[PDB]
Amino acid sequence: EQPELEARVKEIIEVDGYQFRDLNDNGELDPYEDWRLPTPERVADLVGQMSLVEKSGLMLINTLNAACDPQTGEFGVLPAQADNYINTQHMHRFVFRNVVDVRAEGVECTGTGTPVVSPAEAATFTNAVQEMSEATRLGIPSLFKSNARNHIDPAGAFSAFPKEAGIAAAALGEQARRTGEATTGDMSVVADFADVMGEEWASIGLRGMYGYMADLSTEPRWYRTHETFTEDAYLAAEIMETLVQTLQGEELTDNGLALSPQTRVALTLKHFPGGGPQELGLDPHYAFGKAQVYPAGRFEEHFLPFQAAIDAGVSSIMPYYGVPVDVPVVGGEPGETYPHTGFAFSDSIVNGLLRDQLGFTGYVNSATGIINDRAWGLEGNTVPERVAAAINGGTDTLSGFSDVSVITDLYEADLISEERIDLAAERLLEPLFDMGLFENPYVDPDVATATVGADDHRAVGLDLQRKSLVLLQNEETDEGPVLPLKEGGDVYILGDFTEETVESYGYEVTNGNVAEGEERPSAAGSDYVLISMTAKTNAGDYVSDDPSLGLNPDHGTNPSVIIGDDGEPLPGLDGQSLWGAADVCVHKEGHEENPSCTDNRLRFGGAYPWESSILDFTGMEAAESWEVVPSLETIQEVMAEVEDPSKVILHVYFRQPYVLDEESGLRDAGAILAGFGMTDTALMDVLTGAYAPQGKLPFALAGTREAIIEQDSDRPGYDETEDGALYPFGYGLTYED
């Protein structure tokens, strides 16, 4: 019965033969400290003793990163804003963004930037925050959330896995290697990944997540396909179910939430109802990309993975910035559409669709910056007006908003009722109770050291890397198929290959990667050419109100149209405006003097908006804000110096569903693999035949720019286009014989 209790400032108290934490420092036992009672009654007693500001502080979540002071050699101290957030704003939810790794010798604390911290230092930092939390009047604990950390970027000491779509490829491939079928995948691969991440996250006291993403990659021009699992809703549904079961547990409360003291990481699933179907792929972080469109009528299909995650008891939901355009209200009086505002502001979306229609009984966490920067559809409204609209729309905690004053001022003005703040407070405290943090909110920094990156954990990651690789093309030469490689030979490498690691498999290696200014050795005479290639955006120069860029008529107009609920188009989104005209710096709607641009530097990712359809390697080589790595020109030189292109092996990182266009000559390679992040050891283990590739594509690939521009943003595949798919969902070759 008795759970372990740790208390670093408040006192433990003996009652009825059991021990309890005395968090309000009166000395005797309140029902909220009494872990023998059901959680609703602990909540009831806690919210009853709370001041208004104390309850409003729960409705904020903000970045709280570890810092370093250059003078004791301590990394993992509290940042500048730690006292203000906790003691003035009364916050208990935080976003932890530091890279966790072992720092190189010679590294002191620099200036700004988010410092790298070790597992033990990270757990020390979060413990120190928990200590300051327990030091609050009622000793309510804190919750840390974080974005993903366990994936290779083609993190730190966390065990490295392929990206999300790599994990789906491995799941589908493994189902295929047993059943001969690739539908919803073998979820043991997903569970095996989530078991490692859960243990490592929990070990540093990181008990909550911004994610995972249930978004569907049905629009290939969306830069965020780099972190989607698949374009298929049914496979997404299966992956979210498995993630929640494994990371949150299978023990559901009577409120229907998978929350126990054995919950390792509570998920804040994103981005509800589905961030996938972005018009022209433009992302609603930016003002030109507010709109989500549903030409194929698949609004219901996109929230299907959220249904599955809600039914498995996911703890939290983050709505996206997007504005649904002309979307029929689900379970609604006919002819009714959802508001043309961001999802977090529409009561019909958050309370109506999410809670009433889909049955979600947890709390809602806004995407970051919706109040100041991305209150889409509320451009003329003020900050307090936007805050009231989101809370009253059904959002319980605001990310990136740290001014609790605004919430209290709205209550004293009867713009938010005390019933609403009480209802938010109940929902935000419920998971902290069930997760057992009122009993023990601390972690052992030395066990983090023994957990983060454990040998067996990295092995599961290595296995998943090798199983995620997808063989798309393996030509049959007169000597047999190109892959697996034969033992020995002269190998030319181009791209992100580490020469000595390729030499290590018994090959003589010529390195085509030379600094600019040197000669590149010719690939003539090579038995094998290995090219590891990808494309990246390069849009950091974008400026919304610059007449050279965002306001350049030679860059065209923004076709996106969003009619306000007032009947007049949103600024810059009438279907005829310059690309930059939707940014607040240009339209200046709203209560502020000369507002900064929200879109400058496209700093979250994505291409120049007028280049978002250029996913073909030939197009991307010529584009302003795309780059092919290594350059396609160099790849084409290389493929020609060897003459027989059947000796070229292309490993492609499809960060987005890039298009192998016939004009580029890439299809002429003897082998083509799709990789989703892996060590060179794992790629070489498969190339040389120690393991056979078995991954299957979790999204379709097109062969023409025309197919990209023609496909429905909300529809998977390319079967409705004239040119169709180059490779379908579920496709993947293996070694035979």
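All residue numbers refer to positions in the sequence shown, first residue = 1.
- Per the record, residue 154 and residue 155 are separated by a gap of 4 to 9 residues from the deposited sequence that were not modelled.
- 66 to 74 and 52 to 60 differ in mean CA B-factor, and the higher of the two is recorded for 66 to 74.
- For the pair 155 to 163 and 219 to 227, the mean Cα B-factor is higher in 155 to 163.
- By the numbers in the PDB entry, the CA B factor is greatest at 82 among 237, 82, 614, 648.
- Highest C-alpha temperature factor among 347, 444, 199, 463, as the PDB entry reports it: 444.
- In the deposited entry, the Cα temperature factor of residue 503 sits in the bottom third of values across the chain's modelled residues.
- Residue 92: CA B factor in the middle third of modelled residues in this chain (values from the PDB entry).
- Among the modelled residues of the chain, residue 174 sits in the middle third by CA temperature factor in this PDB entry.
- Among all modelled residues in its chain, residue 700 ranks in the lowest third by Cα B-factor.
- Ranked by Cα temperature factor within the chain, residue 724 sits in the middle third according to the deposited record.
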